């Protein structure tokens, strides 16, 4: 009896909140939120009548871990009283967020329903604004101070993302912001691992819908310029592109049959597109001889035989939207599949049967058939 759901709000105000985060806000018994955008906070207050701002539990000179302990306990206290508590943290609520993990784990240890819903993180915004794929060529993400304290290894051939570069070695809080006086220690490490000429991108996603992202391209040595290091604050994130590209192992690529068997891959060339923040890698052009061949093959393209297009009804689309947008209806459906199933209007006989089964394959067959 009593539960704790933790949701996120994304980074950019309001717009980056997920539909299910909003739905679990409204259905909550009490809301504890920690956001750093005024419109987002106002947006949370109009969707639930019982909200407490967790930001007030920071204080000047007060340890952040002590604030995190208090933030977790304020939620767990309402949980142990049998309330349905929803915790709110901007971005992804479990990405570089201490009190959410502490509160959910303690509630689990005491036998309560606990669950975190994912959200859009600052790393997600970084991928989008910088148009980089973590797949190419791998992504490593560190907390900036932990990266120094435990001397975590770099991967100069993959992406590097550093959070909290604006509070290096700071366990305190100050409403005015951080005095990043240990920033030079981080610069010393980045220079030692990458050299002073390598690129570092100072990233700050736009928090308001009309603002532009900060995507400023520096070298690591330029971070020692006073006017540069003052620009990084509490919502600053560093992206360091790969310094070089690792070679393909032709022996392993023949074992995996990535390329056609008989050919030797290109040793100094990546496939299009290039990373615009990366030192120049020889990259193939967008429209080679293999590319236009597939583009001109579009002239003779027909829907494949095994391609099965969507073929559902208005009633089936509405009931699955409801299961995704209505936590009240979802809780009833999981409690009794058939009693919920025969209650939905206008469902075709197979649609009622598929929804009563609930299996992924039955629901997909019901939405791909239709007489």
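Numbering follows the first chain given and starts at 1.
S.K.: Between 336-344 and 45-53, which has the higher average C-alpha B-factor in the PDB entry?
M.R.: On average, C-alpha B-factors are higher across 336-344.
S.K.: So 265-273 or 286-294, which one's hotter by mean CA B-factor in the entry?
M.R.: The stretch with the larger average C-alpha B-factor is 265-273.
S.K.: Out of 88, 79, 160, 167, whose C-alpha atom has the biggest B factor in the entry?
M.R.: Checking the PDB record, the top C-alpha B-factor among 88, 79, 160, 167 is at 79.
S.K.: Name the residue from 219, 184, 141, 250 with the greatest C-alpha temperature factor listed in the entry.
M.R.: The C-alpha B-factor peaks, among 219, 184, 141, 250, at 250.
S.K.: Which third, lowest, middle or highest, does the CA B-factor of residue 153 fall in along this chain?
M.R.: According to the entry, residue 153 has a C-alpha B-factor in the chain's lowest third.
S.K.: Give the position of residue 370 by CA B-factor within its chain, expressed as the lowest, middle or highest third.
M.R.: For residue 370, the deposited C-alpha B-factor lands in the highest third.
S.K.: What third of its chain's C-alpha B-factors does residue 235 belong to: lowest, middle or highest?
M.R.: Its C-alpha B-factor, which the entry lists for residue 235, ranks in the lowest third among residues of this chain.
S.K.: For residue 172, does the deposited CA B-factor place it in the lowest, middle or highest third of the chain?
M.R.: Tercile = highest for this residue's CA B-factor.
S.K.: Check where residue 258 lands among this chain's C-alpha B-factors and tell me if it's the lowest, middle or highest third.
M.R.: It belongs to the highest third of the chain when residues are ordered by C-alpha B-factor.
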